[PDB]
Each structure stands twice: as structure tokens, then as C-alpha cells.
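Have a look below at one chain only, the form deposited in one PDB entry, in C-alpha cells format.
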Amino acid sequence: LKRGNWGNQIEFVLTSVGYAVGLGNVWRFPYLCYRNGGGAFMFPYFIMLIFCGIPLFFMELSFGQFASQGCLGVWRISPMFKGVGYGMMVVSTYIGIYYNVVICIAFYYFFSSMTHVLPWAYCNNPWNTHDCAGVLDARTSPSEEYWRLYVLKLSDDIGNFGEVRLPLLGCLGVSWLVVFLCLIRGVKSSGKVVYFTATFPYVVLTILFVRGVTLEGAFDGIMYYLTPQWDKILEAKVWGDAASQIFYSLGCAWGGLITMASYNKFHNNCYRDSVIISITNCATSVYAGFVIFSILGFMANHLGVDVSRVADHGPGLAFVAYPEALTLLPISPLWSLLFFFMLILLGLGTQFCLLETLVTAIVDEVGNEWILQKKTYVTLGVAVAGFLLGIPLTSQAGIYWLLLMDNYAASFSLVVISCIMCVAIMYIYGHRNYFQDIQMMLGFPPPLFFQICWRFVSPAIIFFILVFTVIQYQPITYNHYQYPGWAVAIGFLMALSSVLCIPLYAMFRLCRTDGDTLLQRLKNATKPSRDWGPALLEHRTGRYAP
């Protein structure tokens, strides 16, 4: 009755843009483009986005908006399959715990960059070794030694915690305080903040791109980026890497979209917004690639090498590679400040949803007016429980546990959840009723291109992603470190804490549904319950209730 709505469509579009666009469009996409084809990777990138990225986004947005419920209350089409919803909250917990620990290396670097001389420029600090060979000395760069010997003192084993790094506990406190203070009212509070932490990164990117373009030696760094190698598109690996990147980057099956769309009005165009956001998210990765590769080309020119020795994948690029290249520009503590501010803003627009997704559930599932008057207390209850649970990741052996949670927990549990949820709404509920349900909202039948892509093509692409992820599984390794057996076992058990919630809840539900034959018990608890439909009595007309 008092759930509330957004108020402006611009708020919803900006919030979704800031939630989908995260840190995966800055360090992941450029390296993939450089490695897998060059300028010929965009053909598999933009062909597997039309047939796999837009249909899934549209289906999730239309599913969330119809029944004005979060990621846990929309499963009234088949109450037995509610284990999928509980699978969307476990994974969103993991991505809500280790994401704030990445915010130290953006906050700590930002706070340590307010100096007239960058601390990682010259190799004369007492924490250095004999291999300080760099470029700015008046092979080991003096940004890697700072990264692994002063910011975090890396140990020699995953189970070798030595002490908690207090400067990192400081960021975690500050960051959780900011996250809680920015969600003090929810929709009426975050909706007015996304006007800032969704657009400033574009200004920062434009400034950095201009500086890179006018910089000498940059045109040789953009040629390697987008020169076509058409041979690569003839392989199956390139078509298997352009399907996983689209699926993961769009933010599919973490919840969020189903809980953002739950606040929209009933008669809202879910087709225009499903295309605008999808195109905007995929049009930022190219710009980020340009920005990164211009300065990388300048760096390679300065050290007089081909651009193959100065390319890094993840945290080794944003903290070991890019900062080591910004130190050659005239006014470095300003470009570094802007870059780390952009990283902080990019990583902070996603954490808002990962806290509001878990609050909306716990609020609506219980069901009361007492749980609505004290939503801020609930929001504080989850923030202080994500700070105590993220302390072990700030110790000496923090990087080891950081990479084991992003490669096992939220790696293939997401693909399984989406595949099952596709089957649940298409062939169990019925693909002939969902089309009429969507037509009731949009006002026109879905385009024919979307009916053939929702029943045959997209599930096939999901199956292809699932199969390709199994044939190309290798044990996780960090640099030359080899993870022991117990770490792999812990990671596998972590990955089994989300996809194992579907069979258990199904058994629990069918162990209490009154029936005679198991086929009849399966027949029940799989039909829409008598609460499926619009939440307002003014919209219920025709097929759904008198």
C-alpha cells in the first residue's frame, strides 16, 4: 500500500545504467579485445548481444514489473521453483562481501595520491629490493613492489594469515558508512543520488581520453586495439568468450533487475528501456578500451617495446600498470586523483543494489507494517554484518581469498540459475500466457523477433555457455602460486551453496503438498498460486480475476 515508486523514468534509467556498468568494462574488455582477434572481436561481441543480451534483459524487466515484488516474491507462477529466488540471494551475498574489499585499493590509493610527489614513482623507499629498475629513476617496476610489499604484504600460502592491515580496515569502515548513509531512505534517497554517481565517470573518461589523444605515441596504441584479424572469428573459443562476457557484464541473475523493475509503474514501456540500457552498457567498454590503450601505447613507446609486455588483466592493470604510466605525465597527482575517483564512483553504483536487493526481500517476505516503519534499522543490520564478515579479506592473505570467491562462487552458479529460470517461465508456466501478460502491460504484442528468441535461441546460447565452461576448466593459479587441494574443495563447496537450494526446497515443498500420486503432487505446486497478478485492484481486469 505504501511501497512507493521511482517518480521519474530518468531515475530508473540512470540507476540501471549505474548498476550494470561496473568495474568489468574497464579492465576486462580491452584485454579480451586485444587477445581474441583485435578489431574482429566486435563481430562476435555484437552478434551474441542481440540474441542473448537484450532478450534476457527484457524478460527479467518484464517479469519484475508485472508482479510488484522483489527477487523472492515474484515466484508465484510456480511456488515449488522458489528455490531459484533463494539462489539469487546467496550469490548476491558473496558479491556483496568481497566487492567492498576491492574498494580499499580505490579508496586507499585515492587518499594516498593527495601528495606533491607520488609515493610509487621513485625506487628509493626502504621497503624496496635490489630489482627497482623502472623508468622515472633519475626488471621490476616500482609500482608492483609498492602494490605487493607496502599496500598488502603478500604471504606464501592461502592459509597463512599473519595480521590484519589496519589501513584497509579503515577503508572498509569508511565505505560501509558511506553505503549505509546513501541508502537511509531507499528509493526516495538513492534515486536522487544516482544523478551524480552515474554521469561523472563519463566526464572523467572524456578528460582522460583527450589527454591520451593529444599525447605523443598514442596512435600506435590504438592500432593494435582495433586492427582486424579475421582468422580468429573462425574458431569456437572466440564465440565462447563473447557469450560469457555479455552474460556476466550485464548483471544477469543476481537479482537487482527484478527488484529495480518492481518499483516501476504498470503501464511503463519495458521495451525501450531494455534496449537503451543494454546499448549504453556495451558502448562504454569501447570508450574505456580507447582510454586505456592510448596511455598504454605511450608507455610502450617510452620504454621502446611492442605493446605486449605492458598489458595486464585485472588488479594488475588498475593498480600496478595504469598508475605506473600516469607518473610520466606533467601533473600526475591530478590524473591519478581523477582516475581513482572514477574507479570509486564506478564501484559504488553497484553496491547500492547489492544492499537494496537483500533488504527488499527480508522486508516483503515477512509482511507487516512494523517491518516497513523500521526499514532503516534493517538496512543498518545488513551493513554492520557485511563489515565484520569482510575483515579476514583485509589480512596479509587477502588477495588469495579474493580471487577464489570470484572464480568459484559467482562463476557458474549464475548460468545454472538463468537456465532453470528460463525453463520455468517458458515451458512450465507456458510461453502462450506470458505473451498475453506482457501485451497487457506494453499495449502491443511483443515483436516477432522476440518470440523466436525467447523459446529456441537464448536457451541454446545458455546451454552453449554451460557446456563451454566445463570443457575449459583449469585449477585457479595466481602468478606462479598453485592453490592447494583444500582451497579448491572450499571453492567447490562455495559454488554448491546456491545451485543446491533449488532441489532441497523443491523436495520440502512437494513433501507437504496434498496429493495421491507423485505425478499429481508434481502437478500441484507448479500451477500459479491464487495471488499471481497485478498488485493494484485497478489493473486486474479480464483474464486475471474479476
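Numbering starts at 1 and runs along the sequence shown. We call the rigid core the largest set of C-alpha positions that still match within 1.5 Å between the two forms.
Unshown form deposited in another entry; subsequent notes refer to it.
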Choose, among 192, 153, 431, 76, the residue with a C-alpha displacement of 2 Å or more between this form and the one not shown when the rigid core is used for superposition. 192
Relative to the superposed rigid core, does residue 92 relocate between this form and the one not shown - that is, does its Cα move 2 Å or more? no
Would you say residue 460 moves between this form and the one not shown, meaning its CA shifts by 2 Å or more once the core is fitted? yes
Core-superposed C-alpha of residue 289 shifting 2 Å or more between this form and the one not shown: yes
Given that the CA-CA distance for residue 244 and residue 92 shifts by 3 Å or more in the other entry, does it become closer or farther? closer
Based on a C-alpha change of 3 angstroms or more, tell me if residue 108 and residue 477 lie closer or farther in the other entry than in the shown form. farther
